[PDB]
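Have a look at the structure below before the remarks.
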Amino acid sequence: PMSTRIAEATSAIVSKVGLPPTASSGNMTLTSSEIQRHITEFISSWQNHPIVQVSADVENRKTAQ
Amino acid sequence: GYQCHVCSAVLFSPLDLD
Amino acid sequence: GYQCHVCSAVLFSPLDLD
Amino acid sequence: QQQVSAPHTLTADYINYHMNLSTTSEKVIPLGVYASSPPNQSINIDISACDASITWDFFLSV
Amino acid sequence: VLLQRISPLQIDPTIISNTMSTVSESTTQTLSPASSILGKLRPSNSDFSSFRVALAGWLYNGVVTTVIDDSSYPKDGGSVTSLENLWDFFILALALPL
Amino acid sequence: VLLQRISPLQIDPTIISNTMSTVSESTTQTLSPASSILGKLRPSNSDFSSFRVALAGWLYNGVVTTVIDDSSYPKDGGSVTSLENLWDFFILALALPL
Amino acid sequence: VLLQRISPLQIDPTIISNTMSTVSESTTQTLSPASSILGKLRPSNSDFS
Amino acid sequence: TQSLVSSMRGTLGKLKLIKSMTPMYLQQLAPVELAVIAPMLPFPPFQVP
Amino acid sequence: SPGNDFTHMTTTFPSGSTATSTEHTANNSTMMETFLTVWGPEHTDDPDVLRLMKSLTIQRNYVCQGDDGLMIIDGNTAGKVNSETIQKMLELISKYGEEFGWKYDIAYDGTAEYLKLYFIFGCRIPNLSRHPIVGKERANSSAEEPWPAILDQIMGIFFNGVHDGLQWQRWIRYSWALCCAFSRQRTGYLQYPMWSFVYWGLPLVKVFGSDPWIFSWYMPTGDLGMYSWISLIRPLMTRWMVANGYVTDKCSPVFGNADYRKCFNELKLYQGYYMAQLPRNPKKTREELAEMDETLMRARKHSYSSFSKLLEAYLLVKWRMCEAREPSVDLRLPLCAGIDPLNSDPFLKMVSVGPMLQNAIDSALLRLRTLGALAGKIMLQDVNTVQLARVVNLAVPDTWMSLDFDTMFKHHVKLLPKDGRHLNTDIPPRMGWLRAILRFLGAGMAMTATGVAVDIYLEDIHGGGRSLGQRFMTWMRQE
Amino acid sequence: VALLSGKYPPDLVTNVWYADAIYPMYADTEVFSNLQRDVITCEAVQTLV
Amino acid sequence: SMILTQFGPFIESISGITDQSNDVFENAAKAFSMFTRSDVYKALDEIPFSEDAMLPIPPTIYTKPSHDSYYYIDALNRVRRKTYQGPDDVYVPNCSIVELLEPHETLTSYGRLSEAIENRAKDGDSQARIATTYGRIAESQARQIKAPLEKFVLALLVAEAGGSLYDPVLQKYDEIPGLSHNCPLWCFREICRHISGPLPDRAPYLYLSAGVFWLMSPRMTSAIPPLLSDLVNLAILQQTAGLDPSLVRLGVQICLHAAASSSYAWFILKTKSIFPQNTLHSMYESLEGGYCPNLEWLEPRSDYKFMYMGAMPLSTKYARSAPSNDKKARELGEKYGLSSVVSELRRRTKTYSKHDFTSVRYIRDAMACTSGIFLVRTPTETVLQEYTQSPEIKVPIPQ
Ligand SMILES: [Zn+2]
Ligand SMILES: [Zn+2]
């Protein structure tokens with residue numbers, strides 16, 4: 001169903017810890033690499049918005065009470 | 001043996017590229 | 001360089017293909 | 001008709017643009033996006049037979 | 001939402017875009033503050049709900065401490081010799097009393 | 001119309017457009033005090049039709065009190081830093097004694 | 001190469017290109033001191049070695 | 001430069017003297033509305049000073 | 001039907017006149033105002049209905065354009081208005097119409113219908129069956145126009161499919177099949193090359209050895225369209241030319257050491273570019289049709305040297321894609337119907353840009369103003385970019401009408417490089433009209449590239465900013 | 001943005017506007033059911049202990 | 001595989017496989033001119049169609065009694081028609097057409113309106129004027145297309161032969177059911193074969209600039225040229241919009257009832273409000289979640305100055321509070337024999353309860369299944385239907 005087919009596309013778009021890091025862890029044409037490089041920055045700058053970090057669509061069993 | 005970055009002209013040897 | 005196998009897309013110069 | 005029916009049109013324009021600015025005669029979109037929102041409703045009023053609507057009996061005489 | 005319903009006023013940034021038009025500047029200079037402020041005063045995701053959330057948070061300090069997000073601070077330090085960081089100081093210094 | 005028939009004075013709408021051609025200013029600026037007045041004060045040759053009525057209203061103050069139109073005011077204040085409202089003050093300051 | 005695998009210090013050539021952006025200057029001048037120094041430096045990858 | 005300082009002062013003058021009704025609202029209409037709204041509310045107000 | 005010819009006396013009005021709309025709108029609004037003022041309170045009990053009627057007026061909520069109207073009943077503090085008193089008022093509207101002849105077609109479901117646009121919770125629902133694909137109106141029995149004007153309706157099919165959120169890979173792929181089916185006709189036969197349709201706003205798939213599905217149909221048509229994809233693909237195109245024996249000794253400032261003239265002549269790109277500018281109207285007989293056919297064949301037989309002076313003057317400008325802009329609207333908010341993450345490219349463009357939520361005189365006076373030469377006002381003032389840049393006949397296309405081009409022109413196209421001032425991109429204080437065209441040349445490629453609309457910065461003008469606009473002035477002298 | 005820019009209606013009258021806005025909420029107020037539940041909670045606590 | 005052997009290097013150019021080139025474009029356009037009208041149906045004969053495209057086509061489309069009882073001659077000697085169902089039944093009826101035909105030269109199978117009948121109609125015969133009236137209005141109803149339908153169907157067969165595509169954004173293929181699961185093309189094949197039957201050359205009408213030609217067989221009625229132009233639109237939109245086939249089958253079924261009706265255009269005039277009434281006018285009987293915009297228009301309200309201020313989630317209280325729909329929406333289907341369509345729409349509409357892209361695309365795909373044709377009638381009945389009505393003043397103003 002389309003309800004799953006849209007959710008798979010949302011998960012394909014929106015994709016990818018608090019610890020100190022370790023050492024282990026001119027012109028240009030258009031490329032799909034550059035497309036993905038733009039899209040990940042866009043989704044990150046949207047995802048780190050503070051209203052987006054908290055708000056949800058459906059209230060839970062505590063909020064309904 | 002790559003191109004330039006001014007007028008995008010390709011070259012074959014690195015000497016006339018430089 | 002002929003063709004990648006994720007999508008059937010044909011190219012040249014495998015410096016582009018990798 | 002367009003040589004003698006001037007001031008009817010010339011006073012229709014004054015009602016449409018100075019007296020009751022309800023006509024939107026590009027901006028139709030946000031009207032309906034406000035009007036379709038959850039707290040408000042909207043009523044779709046359409047006049048059937050607008051050309052056969054007005055005659056000398058009630059409108060044109062007055 | 002309830003304060004947005006009951007409140008008689010409303011936010012309108014066209015006041016700012018009207019008062020920035022009659023500014024005195026030259027078209028030779030490489031940076032313009034009156035055109036930097038109109039760029040800096042467009043919020044990400046274009047939501048204005050945080051103002052009414054900050055007004056609603058006055059009823060609750062015992063459980064909620066509304067603070068300003070870390071992403072509004074000028075990218076781990078800014079210079080007073082850079083104009084965008086002056087505008088970013090202005091925005092924060094006006095937003096902090098609420 | 002009766003004053004217009006026998007009055008010797010006439011329009012000359014081009015005299016302001018002639019005299020504002022020799023105002024020293026720079027092209028680099030965004031504001032233009034020479035060119036703002038010509039947009040604020042455009043002539044249209046139908047301007048004596050609103051002047052001779054004010055000249056004819058002097059015969060009747062008991063029944064007629066000629067006032068300035070509501071739309072001729074600077075629309076909620078207008079800062080003196082703005083140049084257009086500064087011209088709008090000058091227009092009213094010349095028109096009100098009539 | 002051995003200092004590469006240990007040193008936490010990383011070069012960021014965008015620091016200079018950031019800090020030389022907001023320098024006030026006229027277009028009508030013919031020098032651009034803020035822009036001559038970027039053509040002097042040419043921030044590139046081989047500073048490390 | 002000169003023109004940039006002359007533009008910055010004229011910008012900050014307008015930012016000081018902009019006409020906005022929000023400070024007057026927060027002074028004298030918003031406490032009236034909070035005192036009207038707050039008694040009829042599902043979670044009652046919980047305040048420390 | 002022959003033998004059927006008579007006259008007839010009515011009281012009705014003609015169908016599509018101009019003055020028959022305005023006075024009907026005035027008559028709509030006047031009777032609605034006297035409904036809400038007088039007939040309303042005098043004919044009902046149930047003071048919820050009375051309180052509802054006494055709270056709204058037609059200046060605050062009533063919009064009418066023709067016969068139809070839309071009345072808006074806002075939300076109160078307690079939520080929405082009780083949906084039964086609204087129906088009790090609807091019965092009074094229907095009763096009110098009977099007293100003087102109007103038969104209202106009132107409707108109350110939870111949606112909004114105005115000027116035949118369908119919304120639900122702010123939805124932008126397109127009517128796909130408002131216009132069909134293979135359907136065309138014919139009122140008379142006369143024959144239609146000759147063959148080379150059918151491509152305008154085929155482009156009409158494509159641009160009508162743009163504004164409705166079709167499956168875009170499927171829609172472009174089917175548009176190619178129609179585009180190649182309507183290309184040849186008996187008169188050697190006449191035939192349009194495939195670049196003549198790329199001039200008409202039709203995006204491509206995979207050319208010059210590029211990535212597949214790489215441009216978008218939000219690209220403009222004309223020379224502003226031809227600038228954008230070439231300036232995006234150019235360092236790959238100059239590699240593909242040298243990739244099969246197209247090398248000359250001198251380097252061009254655009255394409256480098258490759259002979260773009262011979263490569264474009266053999267591939268017939270020039271001939272499509274100039275052949276698409278021929279008039280498709282057989283203007284005022286089969287011999288005039290043969291005249292137009294010979295004029296159209298002459299463009300295909302002639303070999304060409306370069307593009308137009310405007311496009312060649314455009315191609316000296318180089319831009320850069322540094323970083324993507326912050327979003328303009330919520331992703332999970334359904335703005336518009338049909339577009340979703342399954343319809344990937346409009347979903348990215350509409351979020352990154354934002355939806356629109358807020359002529360000969362004007363040409364020729366700018367032609368004489370920008371060249372060295374109300375009429376006392378125009379000489380020193382400026383207008384916005386979309387009006388000042390019509391001097392080189394640049395217009396915001398039909399495709400960008402449902403988006404926010406104003407914020408994109410004003411803020412997110414910078415005429416200054418990120419590392420300061422390169423001393424090559426120095427627009428003089430004189431001839432500051434060039435900025436309004438550089439805005440369009442910047443915002444071309446930031447919309448043609450599929451995916452997120454990116455913040456774009458100026459990088460290079462090859463001949464210098466002073467010598468750039470002298471080419472535009474040569475085109476203005478040449479008209 | 002909200003601090004720097006916010007305007008009133010051109011003909012605002014405070015008592016008219018507020019007696020328009022507040023009236024639909026205080027007829028059908030439904031706050032009393034929470035008062036009916038807050039007795040049952042305190043009854044259940046003492047019953048438990 | 002005939003289209004593959006014919007159009008090998010072109011389909012790979014417009015599916016993202018190979019680079020586009022001018023010579024492959026022109027070698028394809030050389031072949032696009034070289035198609036007989038029978039070649040399109042030969043290409044349609046080879047595609048294996050699935051079980052979910054098969055539905056019962058009624059037999060009563062092909063057998064319609066002729067037009068003698070439909071028209072008459074008014075006083076003042078103008079032609080009209082007598083209506084059987086409703087006073088707005090003034091459109092083109094559906095009857096047998098073949099008896100008013102004489103064949104073209106150069107090909108036997110296709111005929112046009114015979115010259116003797118228009119000669120006697122210009123002379124002033126009673127029946128001949130009625131016959132040429134019906135013939136000219138059937139030509140004008142069949143003419144309302146942009147180009148011959150076989151070219152559009154052939155473009156569909158070319159474009160949708162490349163299989164599924166690949167997305168550079170979602171990094172995956174798309175899942176759209178192919179030509180085997182496409183019911184309007186199955187019906188378009190079956191009707192155009194059953195008209196011809198044993199006779200070859202299998203094109204029910206060809207389209208020219210000035211006039212059409214009809215296939216000379218008793219299987220041919222006037223309802224077919226609007227029905228085929230109606231089916232081709234759904235066959236294209238089921239591909240290039242990603243429609244659900246469970247809605248497309250209803251959209252074809254209503255058109256088959258329209259062709260089986262007494263008149264085609266009149267039935268579609270009376271049934272043009274089934275899809276929005278059952279779906280769009282009945283959304284969200286139970287609402288549970290979803291996001292909605294937060295607009296307001298600024299306080300000088302004549303200016304229509306708007307403003308977008310974030311988006312808020314919906315709550316439970318904002319369900320469909322409007323009155324019901326069932327008593328008349330079911331009645332409309334029960335009058336016309338479409339209760340199996342109306343109940344099918346209502347039970348599927350009652351399953352969406354959140355406001356996201358899924359339930360919105362449901363409304364789009366349900367609205368797409370209405371048939372967009374252009375209603376054709378003579379001007380002599382356009383006037384005397386539209387311009388004979390009058391307003392009624394129940395409370396006039398006194399003398
Ligand atoms: Zn080079
Ligand atoms: Zn691949």
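Chains: A, B, ... in order of the structure tokens. Residues: from 1 per chain. Ligands: from 1, in order shown.
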Within 12 Å of residue 41 of chain F using only C-alpha atoms, minus same-chain residues under 6 positions, as a PyMOL selection string: (chain F and resi 13-14+16-17+34-35+47+72+84+87-88+90-92) or (chain I and resi 374+376-377)
Contact residues around segment 8-15 of chain C with only C-alpha atoms at 10 Å, ignoring same-chain residues under 3 positions, as a PDB file with N, CA, C and O atoms, in the first residue's frame:
ATOM      1  N   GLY C   1      35.502   1.556 -19.575  1.00  0.00           N
ATOM      2  CA  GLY C   1      34.393   1.485 -18.640  1.00  0.00           C
ATOM      3  C   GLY C   1      33.052   1.511 -19.340  1.00  0.00           C
ATOM      4  O   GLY C   1      32.748   2.451 -20.070  1.00  0.00           O
ATOM      5  N   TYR C   2      32.243   0.474 -19.122  1.00  0.00           N
ATOM      6  CA  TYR C   2      30.987   0.324 -19.847  1.00  0.00           C
ATOM      7  C   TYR C   2      29.774   0.747 -19.027  1.00  0.00           C
ATOM      8  O   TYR C   2      29.080   1.692 -19.404  1.00  0.00           O
ATOM      9  N   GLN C   3      29.520   0.091 -17.895  1.00  0.00           N
ATOM     10  CA  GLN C   3      28.199   0.177 -17.281  1.00  0.00           C
ATOM     11  C   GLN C   3      28.252  -0.255 -15.823  1.00  0.00           C
ATOM     12  O   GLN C   3      28.803  -1.314 -15.508  1.00  0.00           O
ATOM     13  N   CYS C   4      27.662   0.557 -14.947  1.00  0.00           N
ATOM     14  CA  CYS C   4      27.490   0.208 -13.545  1.00  0.00           C
ATOM     15  C   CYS C   4      26.296  -0.716 -13.359  1.00  0.00           C
ATOM     16  O   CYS C   4      25.372  -0.734 -14.174  1.00  0.00           O
ATOM     17  N   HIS C   5      26.308  -1.478 -12.270  1.00  0.00           N
ATOM     18  CA  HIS C   5      25.176  -2.339 -11.940  1.00  0.00           C
ATOM     19  C   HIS C   5      24.620  -1.950 -10.567  1.00  0.00           C
ATOM     20  O   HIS C   5      24.776  -2.640  -9.557  1.00  0.00           O
ATOM     21  N   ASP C  18      33.957   4.673 -11.183  1.00  0.00           N
ATOM     22  CA  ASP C  18      34.155   4.371  -9.766  1.00  0.00           C
ATOM     23  C   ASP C  18      33.572   5.463  -8.873  1.00  0.00           C
ATOM     24  O   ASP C  18      33.055   5.167  -7.789  1.00  0.00           O
TER      25      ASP C  18
ATOM     26  N   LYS I 206      19.726  12.386 -20.008  1.00  0.00           N
ATOM     27  CA  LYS I 206      21.124  11.978 -19.902  1.00  0.00           C
ATOM     28  C   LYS I 206      21.803  12.290 -21.227  1.00  0.00           C
ATOM     29  O   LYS I 206      21.563  11.594 -22.216  1.00  0.00           O
ATOM     30  N   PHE I 208      25.637  13.954 -23.158  1.00  0.00           N
ATOM     31  CA  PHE I 208      27.068  14.296 -23.105  1.00  0.00           C
ATOM     32  C   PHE I 208      27.836  13.451 -22.092  1.00  0.00           C
ATOM     33  O   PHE I 208      28.837  13.897 -21.536  1.00  0.00           O
ATOM     34  N   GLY I 209      27.372  12.231 -21.835  1.00  0.00           N
ATOM     35  CA  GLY I 209      28.001  11.368 -20.856  1.00  0.00           C
ATOM     36  C   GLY I 209      27.842  11.815 -19.417  1.00  0.00           C
ATOM     37  O   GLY I 209      28.825  11.859 -18.675  1.00  0.00           O
ATOM     38  N   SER I 210      26.623  12.130 -18.999  1.00  0.00           N
ATOM     39  CA  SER I 210      26.364  12.623 -17.657  1.00  0.00           C
ATOM     40  C   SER I 210      25.635  11.572 -16.831  1.00  0.00           C
ATOM     41  O   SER I 210      25.410  10.443 -17.268  1.00  0.00           O
ATOM     42  N   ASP I 211      25.275  11.965 -15.616  1.00  0.00           N
ATOM     43  CA  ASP I 211      24.452  11.120 -14.774  1.00  0.00           C
ATOM     44  C   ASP I 211      23.016  11.113 -15.289  1.00  0.00           C
ATOM     45  O   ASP I 211      22.534  12.116 -15.815  1.00  0.00           O
ATOM     46  N   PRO I 212      22.314   9.995 -15.156  1.00  0.00           N
ATOM     47  CA  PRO I 212      20.921   9.958 -15.601  1.00  0.00           C
ATOM     48  C   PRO I 212      20.007  10.683 -14.635  1.00  0.00           C
ATOM     49  O   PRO I 212      20.237  10.695 -13.425  1.00  0.00           O
ATOM     50  N   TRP I 240      33.867  15.550 -23.134  1.00  0.00           N
ATOM     51  CA  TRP I 240      33.249  14.645 -24.095  1.00  0.00           C
ATOM     52  C   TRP I 240      33.547  15.037 -25.535  1.00  0.00           C
ATOM     53  O   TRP I 240      33.556  14.172 -26.417  1.00  0.00           O
ATOM     54  N   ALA I 243      36.858  13.737 -26.173  1.00  0.00           N
ATOM     55  CA  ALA I 243      36.743  12.281 -26.133  1.00  0.00           C
ATOM     56  C   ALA I 243      36.512  11.640 -27.499  1.00  0.00           C
ATOM     57  O   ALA I 243      36.641  10.417 -27.613  1.00  0.00           O
TER      58      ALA I 243
ATOM     59  N   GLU K  12      16.286   3.214 -24.550  1.00  0.00           N
ATOM     60  CA  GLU K  12      17.391   3.338 -23.610  1.00  0.00           C
ATOM     61  C   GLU K  12      17.893   4.768 -23.489  1.00  0.00           C
ATOM     62  O   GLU K  12      18.529   5.105 -22.487  1.00  0.00           O
ATOM     63  N   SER K  15      15.212   6.427 -21.005  1.00  0.00           N
ATOM     64  CA  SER K  15      15.001   5.777 -19.720  1.00  0.00           C
ATOM     65  C   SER K  15      16.195   5.957 -18.802  1.00  0.00           C
ATOM     66  O   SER K  15      16.223   5.374 -17.715  1.00  0.00           O
ATOM     67  N   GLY K  16      17.177   6.751 -19.207  1.00  0.00           N
ATOM     68  CA  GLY K  16      18.354   6.972 -18.405  1.00  0.00           C
ATOM     69  C   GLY K  16      19.483   5.994 -18.628  1.00  0.00           C
ATOM     70  O   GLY K  16      20.499   6.084 -17.932  1.00  0.00           O
ATOM     71  N   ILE K  17      19.354   5.065 -19.569  1.00  0.00           N
ATOM     72  CA  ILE K  17      20.422   4.098 -19.768  1.00  0.00           C
ATOM     73  C   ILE K  17      21.513   4.727 -20.618  1.00  0.00           C
ATOM     74  O   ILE K  17      22.627   4.962 -20.139  1.00  0.00           O
ATOM     75  N   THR K  18      21.192   5.044 -21.865  1.00  0.00           N
ATOM     76  CA  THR K  18      22.175   5.546 -22.811  1.00  0.00           C
ATOM     77  C   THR K  18      22.013   7.043 -23.013  1.00  0.00           C
ATOM     78  O   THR K  18      20.983   7.631 -22.679  1.00  0.00           O
ATOM     79  N   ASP K  19      23.053   7.653 -23.572  1.00  0.00           N
ATOM     80  CA  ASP K  19      23.041   9.089 -23.799  1.00  0.00           C
ATOM     81  C   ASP K  19      22.108   9.437 -24.948  1.00  0.00           C
ATOM     82  O   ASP K  19      22.022   8.710 -25.939  1.00  0.00           O
ATOM     83  N   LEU K 165      12.088   2.635 -13.618  1.00  0.00           N
ATOM     84  CA  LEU K 165      13.192   3.574 -13.682  1.00  0.00           C
ATOM     85  C   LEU K 165      13.950   3.575 -12.364  1.00  0.00           C
ATOM     86  O   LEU K 165      13.660   2.789 -11.463  1.00  0.00           O
ATOM     87  N   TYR K 166      14.933   4.463 -12.258  1.00  0.00           N
ATOM     88  CA  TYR K 166      15.750   4.598 -11.062  1.00  0.00           C
ATOM     89  C   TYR K 166      15.729   6.048 -10.613  1.00  0.00           C
ATOM     90  O   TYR K 166      15.740   6.963 -11.439  1.00  0.00           O
TER      91      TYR K 166
END
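Fit chain F to chain E on the Cα trace, atom for atom in sequence order, and the RMSD comes out at 1.7 Å.
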If chain C is superposed onto chain B by least squares using every Cα atom in order, what is the RMSD, in Å to one decimal?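 With all C-alpha atoms paired in order, the RMSD is 0.7 Å.
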Which residues come within 6 Å of segment 4-21 of chain I, counting only C-alpha atoms, excluding same-chain residues fewer than 5 positions away, as a list in words?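 The neighbour list is residues 51 and 52 of chain D; 78 of chain K.
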Determine which residues of chain D sit within 6 Å of chain I, taking into account only C-alpha atoms, and present them as JSON, numbers by chain. {"D": [12, 15, 16, 22, 23, 33, 35, 36, 37, 39, 40, 41, 42, 43, 44, 45, 46, 47, 48, 50, 51, 52]}
List as a list in words the protein and nucleic acid residues near residue 36 of chain H, meaning an atom at most 12 Å away when only C-alpha atoms are counted, but skip any in the same chain fewer than 3 places from it.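 Once the adjacent positions are removed, what remains is residues 2, 3, 6 and 7 of chain E; 29, 30, 31, 32, 33, 39, 40 and 41 of chain H; 18, 19, 21, 22, 23, 25 and 26 of chain J.
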Taking the chain letters and numbering used in this document, name the residues of segment 221-357 of chain K that DSSP puts in strand (DSSP E or B), as an mmCIF file with C-alpha atoms, in the first residue's frame.
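What ended up in selection13.cif:
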data_model
loop_
_atom_site.group_PDB
_atom_site.id
_atom_site.type_symbol
_atom_site.label_atom_id
_atom_site.label_comp_id
_atom_site.auth_asym_id
_atom_site.auth_seq_id
_atom_site.Cartn_x
_atom_site.Cartn_y
_atom_site.Cartn_z
ATOM 1 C CA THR K 221 -22.295 3.030 -32.787
ATOM 2 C CA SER K 263 -26.975 8.697 -24.318
ATOM 3 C CA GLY K 289 -3.548 13.278 13.710
ATOM 4 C CA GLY K 290 -1.721 15.240 11.070
ATOM 5 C CA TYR K 291 -0.255 18.679 10.489
ATOM 6 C CA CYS K 292 -2.087 21.774 9.246
ATOM 7 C CA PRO K 293 -0.799 25.228 8.268
ATOM 8 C CA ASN K 294 -1.161 28.313 10.454
ATOM 9 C CA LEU K 295 -2.095 31.324 8.349
ATOM 10 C CA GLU K 296 -3.738 34.630 9.157
ATOM 11 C CA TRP K 297 -4.577 37.559 6.951
ATOM 12 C CA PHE K 306 -1.465 36.928 4.203
ATOM 13 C CA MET K 307 1.232 35.430 6.397
ATOM 14 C CA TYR K 308 2.516 31.929 7.108
ATOM 15 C CA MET K 309 3.404 31.326 10.770
ATOM 16 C CA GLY K 310 4.500 27.729 11.263
ATOM 17 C CA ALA K 311 2.348 24.619 11.208
ATOM 18 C CA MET K 312 0.493 23.017 14.079
ATOM 19 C CA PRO K 313 -0.713 19.437 14.566
ATOM 20 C CA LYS K 354 -4.740 10.755 9.685
ATOM 21 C CA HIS K 355 -3.819 13.770 7.588
#
Counting only C-alpha atoms, a student should be able to say which residues of chain F come within 7 Å of chain E; what is the right answer, written as a PyMOL selection string? chain F and resi 28-31+82-83
Pull N, CA, C and O atoms from the residues just selected and write them as an mmCIF file, in the first residue's frame.
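Written file, part19.cif:
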data_model
loop_
_atom_site.group_PDB
_atom_site.id
_atom_site.type_symbol
_atom_site.label_atom_id
_atom_site.label_comp_id
_atom_site.auth_asym_id
_atom_site.auth_seq_id
_atom_site.Cartn_x
_atom_site.Cartn_y
_atom_site.Cartn_z
ATOM 1 N N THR F 28 25.965 56.885 -7.081
ATOM 2 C CA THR F 28 26.242 55.771 -6.179
ATOM 3 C C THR F 28 25.219 55.634 -5.060
ATOM 4 O O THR F 28 25.051 54.531 -4.531
ATOM 5 N N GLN F 29 24.541 56.716 -4.690
ATOM 6 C CA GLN F 29 23.583 56.677 -3.597
ATOM 7 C C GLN F 29 22.326 55.914 -4.002
ATOM 8 O O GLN F 29 21.978 55.811 -5.179
ATOM 9 N N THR F 30 21.645 55.364 -2.998
ATOM 10 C CA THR F 30 20.371 54.698 -3.221
ATOM 11 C C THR F 30 19.202 55.663 -3.119
ATOM 12 O O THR F 30 18.255 55.575 -3.905
ATOM 13 N N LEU F 31 19.249 56.576 -2.159
ATOM 14 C CA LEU F 31 18.255 57.628 -2.072
ATOM 15 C C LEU F 31 18.511 58.676 -3.143
ATOM 16 O O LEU F 31 19.631 58.827 -3.636
ATOM 17 N N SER F 82 12.738 58.883 7.482
ATOM 18 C CA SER F 82 12.272 58.607 6.133
ATOM 19 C C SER F 82 12.212 59.890 5.321
ATOM 20 O O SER F 82 11.848 60.951 5.829
ATOM 21 N N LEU F 83 12.576 59.786 4.047
ATOM 22 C CA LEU F 83 12.595 60.944 3.167
ATOM 23 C C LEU F 83 11.245 61.196 2.523
ATOM 24 O O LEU F 83 10.872 62.357 2.309
#
Specify as a PyMOL selection string all residues of chain A found within 12 Å of chain C, counting only C-alpha atoms. chain A and resi 31-33
Using the selection just defined, write its residues with C-alpha atoms as a JSON list (two decimals), in the first residue's frame.
[["chain", "number", "residue", "atom", "x", "y", "z"],
["A", 31, "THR", "CA", 26.93, 14.84, -9.95],
["A", 32, "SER", "CA", 24.58, 12.65, -7.91],
["A", 33, "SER", "CA", 27.34, 12.81, -5.27]]
Would you mind writing down, as a list in words, each residue of chain G that DSSP on the backbone assigns to helix (DSSP H, G or I)? residues 14, 15, 16, 17, 18, 19, 33, 34, 35, 36, 37, 38, 39, 40 and 41 of chain G
Just to confirm, what's the straight-line distance from atom CA of residue 237 of chain K to atom CA of residue 50 of chain K in Å (one decimal)?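 Between atom CA of residue 237 of chain K and atom CA of residue 50 of chain K the gap works out to 18.7 Å.
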If the cut-off is 12 Å, can you tell me the residues of chain H near chain J, counting only C-alpha atoms? I'd like them as a VMD selection string. chain H and resid 14 to 26 28 to 30 32 to 44
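Any residue of chain G with an atom no more than 8 Å from chain I counts as a contact; using only C-alpha atoms, that gives residues 17, 18, 20, 21, 22, 23, 27, 28, 30, 32, 34 and 35 of chain G.
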Within 10 Å of residue 13 of chain G, counting only C-alpha atoms, which residues show up once you throw out same-chain ones fewer than 6 positions away? Write them as number ranges by chain, please. G: 41-45, 47
Taking only C-alpha atoms into account, report as number ranges by chain which residues of chain G lie within 10 Å of chain H. G: 23-26
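Between atom CA of residue 236 of chain I and atom CA of residue 169 of chain K the separation is 21.2 Å.
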Set the cut-off to 6 Å and count only C-alpha atoms: what are the residues of chain A that reach chain I? Output as a list in words.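 Contact residues on the first chain: residues 6, 9, 10, 29, 38 and 42 of chain A.
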